[PDB]
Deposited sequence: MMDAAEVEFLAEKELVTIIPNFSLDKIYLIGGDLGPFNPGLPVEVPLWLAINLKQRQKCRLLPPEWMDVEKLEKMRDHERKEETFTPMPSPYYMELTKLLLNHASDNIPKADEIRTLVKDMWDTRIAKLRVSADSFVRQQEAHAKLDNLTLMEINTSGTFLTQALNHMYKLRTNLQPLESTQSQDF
């Protein structure tokens, strides 16, 4: 299985948009290229580089299109709507929110508000993951890796005790 750290490492491969305050030629990285850097000129780079440059004080992070208050605030409801699991914006929606709100709240339009709004969607998403578990066990997708691991291992065991006792 994977732990938060390990999963986050994957969220950090995710592309985000930043406007740098410097000029750098095109760096040819092993895992792709990173377009030339020009101040005041938008460039898409990996969340890890972004966060690095951000704290290195040499750039400004642009909030993902979806990280808009009323935008998600309209998704939480669509989640608390459909009885089942609602497909998420970013397949690491939880990570990006944690990494961006801890490292670049400066660039996020009103954090305190958006922050909570996000978890209210992880809570009523976990909740729905627990009630839906009681079932698969008893009667014997669309989730983010960060959800199927923070609960994975447990559900994993339970099932390893089912088929083991359901046969004994």
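No alpha-carbon coordinates exist for the deposited sequence positions 141 to 146, 175 to 186, given here in order along the chain.
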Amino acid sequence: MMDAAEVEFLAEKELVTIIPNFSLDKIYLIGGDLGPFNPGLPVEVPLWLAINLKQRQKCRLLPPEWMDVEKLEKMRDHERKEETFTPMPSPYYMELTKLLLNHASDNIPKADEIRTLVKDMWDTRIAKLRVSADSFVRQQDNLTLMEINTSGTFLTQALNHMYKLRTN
From here on, numbers count along this sequence of modelled residues.
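For the pair 92 to 100 and 67 to 75, the mean B factor over Cα atoms is greater in 67 to 75. Mean C-alpha B-factor is higher over 23 to 31 than over the other stretch, the pair under comparison being 48 to 56 and 23 to 31. Among the modelled residues of its chain, residue 38 has a C-alpha B-factor that falls in the lowest third, as given in the PDB entry.
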